[PDB]
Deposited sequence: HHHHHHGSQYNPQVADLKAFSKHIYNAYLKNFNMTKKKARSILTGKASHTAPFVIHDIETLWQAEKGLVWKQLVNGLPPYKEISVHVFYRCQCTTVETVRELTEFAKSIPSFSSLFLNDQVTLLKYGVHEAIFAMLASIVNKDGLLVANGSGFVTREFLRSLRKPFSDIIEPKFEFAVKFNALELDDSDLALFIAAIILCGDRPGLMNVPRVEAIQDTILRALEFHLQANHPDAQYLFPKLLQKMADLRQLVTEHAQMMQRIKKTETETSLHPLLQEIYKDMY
């Protein structure tokens, strides 16, 4: 039942995202190739030009590129939950369009540690203090994501926890302009029932983790709100996914 539902969604995750958290930690701690460090202008330039052969404006462009693949991954992850696919086009568009941002940040925690973040599907590691050395308000906008992720990562979540968690962020009954509110509220309810089951089996002694995770969702929301607001003060394939 609920053990098997957790597992079904764990599969669509593994099948739809290339950088699992396991893969991430594997590289950061170096199992068996070591990421190219970017700590300054020289190394950033090498990572763009070649290792052998404005600056605020380039780090930020690179943050936006990542997103293109991430959204594609989410849309598929999403569409691979059968309940999601049984929803009407208008509902599916609304759910991805409001969810993706929270999810994109929830997942970012996977590739982030105290010292920096993995880049170029795993082959580069840009350092936190290089990122802090950028002019405002560009560094104003990257820091609150590092702060969220370090907090987030302290919760010891693993891919199978994350899979449900992302399912919960997308399938969310509060999104503005949903047509079938009660249907979305029912599915989440299930995704939530099972998240809770999962956590209390897979984190037997972390006893306030679920209500902690719920706070993280509220927290993520606020983090997007502010991200939208900060971006304002700065620049001043298939049918459905071409829409989100």
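Asker: When the deposited sequence is counted from residue 1, which ranges lack any model?
Answerer: Coordinates drop out over 1-15, 48-49, 71-81, 265-272, 281-283.
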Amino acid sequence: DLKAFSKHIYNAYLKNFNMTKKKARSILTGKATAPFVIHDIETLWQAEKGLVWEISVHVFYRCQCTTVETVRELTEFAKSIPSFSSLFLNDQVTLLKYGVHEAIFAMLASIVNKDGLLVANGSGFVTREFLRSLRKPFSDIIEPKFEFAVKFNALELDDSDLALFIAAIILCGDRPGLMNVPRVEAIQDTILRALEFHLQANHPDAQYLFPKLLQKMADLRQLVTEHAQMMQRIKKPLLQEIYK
From here on, numbers count along this sequence of modelled residues.
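The term rigid core refers to the most C-alpha atoms you can superpose between the two forms while keeping them within 1.5 Å.
Asker: Return whichever of 44-52 or 186-194 has the larger RMS Cα deviation from the displayed form in 7 other deposited structures of this protein, where every structure is aligned on the rigid core.
Answerer: Clearly, after the core fit, the stretch farther away in 7 other deposited structures of this protein is 44-52.
Asker: With the rigid core held as the alignment frame, decide whether 92-100 or 128-136 lies farther from the shown form in 7 other deposited structures of this protein, in terms of RMS C-alpha distance.
Answerer: Stretch with the higher C-alpha RMS distance in 7 other deposited structures of this protein: 128-136.
Asker: Determine, among the other compared PDB entries that model residues flanking residue 38, whether at least a third leave it unmodelled.
Answerer: No, residue 38 is modelled in every other compared entry.
Asker: Pick between 137-145 and 156-164: the one whose mean CA B-factor in the entry is higher.
Answerer: In the deposited entry, the stretch with the higher C-alpha B-factor mean is 137-145.
Asker: Quick check: 85-93 versus 127-135, which has the larger average CA B-factor in the record?
Answerer: The recorded data point to 127-135.
Asker: Taking the Cα B-factors listed in the entry, which of 206, 214, 194, 178 comes out highest?
Answerer: Answer, based on the entry's C-alpha B-factors: 206.
Asker: Considering only modelled residues of the same chain, in which third does the CA B-factor of residue 183 rank: lowest, middle or highest?
Answerer: For residue 183, whose C-alpha B-factor we compare with every modelled residue in the chain, the answer is the middle third.
Asker: C-alpha B factor of residue 40, ranked within the chain: lowest, middle or highest third?
Answerer: According to the entry, residue 40 has a C-alpha B-factor in the chain's highest third.
Asker: Would you please rank residue 47 by its C-alpha temperature factor against the other modelled residues of its chain and give the third it falls in: lowest, middle or highest?
Answerer: It belongs to the highest third of the chain when residues are ordered by C-alpha B-factor.
Asker: Taking the entry's C-alpha B-factors for this chain, is residue 234 in the lowest, middle or highest third?
Answerer: Top third by C-alpha B-factor.
Asker: Is the Cα B-factor recorded for residue 228 in the lowest, middle or highest third of its chain?
Answerer: Tercile = highest for this residue's CA B-factor.
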